[PDB]
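Chains as they are written, first to last, in PDB author numbering: chain A, 1296 to 1424; chain B, 1037 to 1165; chain C, 131 to 195.
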Amino acid sequence: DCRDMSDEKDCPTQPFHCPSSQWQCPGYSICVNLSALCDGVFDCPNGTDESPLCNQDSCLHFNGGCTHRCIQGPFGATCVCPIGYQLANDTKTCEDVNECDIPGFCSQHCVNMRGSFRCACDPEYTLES
Amino acid sequence: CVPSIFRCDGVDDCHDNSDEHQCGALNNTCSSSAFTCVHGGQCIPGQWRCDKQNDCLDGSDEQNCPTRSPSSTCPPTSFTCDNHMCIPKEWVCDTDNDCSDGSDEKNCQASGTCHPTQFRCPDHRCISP
Amino acid sequence: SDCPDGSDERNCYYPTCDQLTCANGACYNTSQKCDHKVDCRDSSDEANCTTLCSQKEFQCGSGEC
Ligand SMILES: *[C@@H]1O[C@H](CO)[C@@H](O)[C@H](O)[C@H]1NC(C)=O
Ligand SMILES: *[C@@H]1O[C@H](CO)[C@@H](O)[C@H](O)[C@H]1NC(C)=O
Ligand SMILES: *[C@@H]1O[C@H](CO)[C@@H](O)[C@H](O)[C@H]1NC(C)=O
Ligand SMILES: *[C@@H]1O[C@H](CO)[C@@H](O)[C@H](O)[C@H]1NC(C)=O
Ligand SMILES: *[C@@H]1O[C@H](CO)[C@@H](O)[C@H](O)[C@H]1NC(C)=O
Ligand SMILES: *[C@@H]1O[C@H](CO)[C@H](O)[C@H](O)[C@H]1NC(C)=O
Ligand SMILES: *[C@@H]1O[C@H](CO)[C@H](O)[C@H](O)[C@H]1NC(C)=O
Ligand SMILES: *[C@@H]1O[C@H](CO)[C@H](O)[C@H](O)[C@H]1NC(C)=O
Ligand SMILES: *[C@@H]1O[C@H](CO)[C@H](O)[C@H](O)[C@H]1NC(C)=O
Ligand SMILES: *[C@@H]1O[C@H](CO)[C@H](O)[C@H](O)[C@H]1NC(C)=O
Ligand SMILES: [Ca+2]
Ligand SMILES: [Ca+2]
Ligand SMILES: [Ca+2]
Ligand SMILES: [Ca+2]
Ligand SMILES: [Ca+2]
Ligand SMILES: [Ca+2]
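Below, the structure written as structure tokens:
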């Protein structure tokens, strides 16, 4: 509203929100690959990355309580969400990003699909590569 | 554990076939000149109804789609490119490489110069006398 | 094949049985499959019963970690 875009100069920010293909380190807003977890390297800043639970075999009791993938991360049961997906605040549930929600993701019509999207144009139009 | 969205989407994610065991709710009508998928009750454009790729979760689009003569050439109203891509003939000569190989533009005359009946300005523009 | 020339098994035929079978073609009762007793001479009964290795390890089809 303030034409210099300075009214919203102190507005809040979203979480560090590591990509679904990566993991986040508590207290520092830093990201490390999933491969880094449970490997013995101390990737996170103050040793937050490893615990002996890296062998507690939490996954087999019931897929960890997760829909797609379970990794025996430093905090026991940790879950992995595929590309194009996102993880709810419930540390277990994994959901599909509705890409159509962002305005202009594609030119005319957008249809959400599991971890993907498809787009369509009106009859006088066609779609490109 | 499966995300709540999947409970009613027509194809059971839980392999016990216990997702749509009691939901139903097929109460709405998709708009016309379009297609509603037999299971799950979703709306996708008419083009998706029968194309090499399946779209709805139920796959009912391609469940009932003929051979559609796969050996046939693309319609002659379009143009073909080196990478085995077919695009509308109007696109053959413009500013856009409508096919990744750029074989559409490759043949064009490469000159936006103005007719002698006009005047020429440096940035791709011509003006009447 | 206890003899390198195979002359132990070479002559005789084998008696028919069908409750449960072992990799070498030997038969054992149903309960025998997973009781931790080695019923199959080749241990093929117990081999598939339980996971033998931890998550730090990897498991090998031979019953090895
Ligand atoms: C994650 O892994 C990829 C592929 O091995 C590598 O290119 C990238 O640098 C890694 N990122 C981090 C933060 O370790
Ligand atoms: C650990 O935390 C301290 C503050 O308590 C910080 O100064 C330090 O840099 C951290 N360690 C690393 C490796 O960043
Ligand atoms: C976190 O879960 C609560 C319910 O426990 C929900 O109300 C809230 O919207 C969730 N947070 C976000 C950011 O979705
Ligand atoms: C199977 O059980 C019978 C008795 O019920 C016993 O005589 C036989 O030896 C058993 N078979 C084997 C391979 O131990
Ligand atoms: C026994 O276990 C091995 C290793 O998992 C597997 O290759 C084999 O097919 C199993 N055999 C039977 C009869 O289950
Ligand atoms: C953005 O907001 C989040 C909370 O939603 C955190 O406070 C984070 O530290 C903020 N980041 C910045 C750069 O202000
Ligand atoms: C259902 O869709 C049809 C066309 O298939 C019409 O648009 C109709 O008006 C719709 N009715 C409702 C109640 O959605
Ligand atoms: C393939 O489809 C064509 C029409 O598009 C003919 O109906 C043909 O008989 C079909 N053959 C098969 C095996 O489906
Ligand atoms: C294009 O396809 C048609 C059938 O639809 C004919 O087979 C025609 O011979 C083809 N043309 C070329 C050049 O291959
Ligand atoms: C520029 O375009 C004119 C017509 O606008 C003619 O096609 C002519 O061939 C061109 N001349 C040059 C110098 O390219
Ligand atoms: Ca590590
Ligand atoms: Ca999606
Ligand atoms: Ca379902
Ligand atoms: Ca389709
Ligand atoms: Ca073009
Ligand atoms: Ca036994």
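Every residue gets a Cβ at the ideal spot worked out from N, C-alpha and C, and that includes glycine.
Contact with chain A is found for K186 (chain C), since one of that chain's Cβ atoms lies less than 7 Å from the residue's Cβ.
In this structure, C1416 (chain A) lies away from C1405 (chain A), with their beta-carbon atoms at least 7 Å apart. Using a Cβ-Cβ cut-off of 9 Å, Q1317 (chain A) is close to nothing in chain C; its nearest Cβ partner there is about 22 Å away.
Bounds of the beta strand (DSSP E) holding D1391 (chain A) are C1389 to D1391. With 7 Å as the limit, the residues whose C-beta approaches any heavy atom of ligand 3 more closely are A:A1383, A:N1384 and A:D1385, in sequence along the chain. Contact annotation: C1129 (chain B) and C1144 (chain B) have beta-carbon atoms nearer than 7 Å. When beta bridges are read from the DSSP output, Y1323 (chain A) appears opposite no residue. Residue pairing of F188 (chain C) in beta bridges, as defined by DSSP: absent, with no partner found. Comparing alpha-carbon positions, the option among C:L150, C:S131, C:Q149 and C:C147 lying closest to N141 (chain C) turns out to be C:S131. Burial is judged here by how many other beta carbons sit within 10 angstroms of a residue's own beta carbon; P1124 (chain B) has fewer than 16 and is exposed. Look at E1056 (chain B) here: in three-state DSSP terms it is coil, with no helix or strand label. Only residues of its own chain outside the window of five on either side were considered, and among them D1140 and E1141 have a CB closer than 8 Å to the CB of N1133 (chain B), listed in chain order.
Cβ contact annotation for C152 (chain C) (same chain, cutoff 6 Å, sequence separation greater than five): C170, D172 and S174, in chain order.
DSSP, read as helix, strand or coil, puts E176 (chain C) in helix. Relative to the Cα of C1376 (chain A), the nearest Cα in the group A:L1355, A:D1385 and A:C1339 belongs to A:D1385.
Separation of the CB atoms of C1389 (chain A) and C1365 (chain A) is rounded to 11 Å, and the pair is thereby denied contact status at 8 Å. Sorting B:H1151, B:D1097, B:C1086 and B:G1148 by C-alpha distance to the C-alpha of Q1078 (chain B) places B:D1097 at the top.
With contacts defined as CB atoms closer than 7 Å, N1350 (chain A) and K163 (chain C) fail to qualify as a contacting pair. Under the criterion of beta carbons closer than 8 Å, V1047 (chain B) and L1093 (chain B) qualify as touching, at roughly 5 Å.
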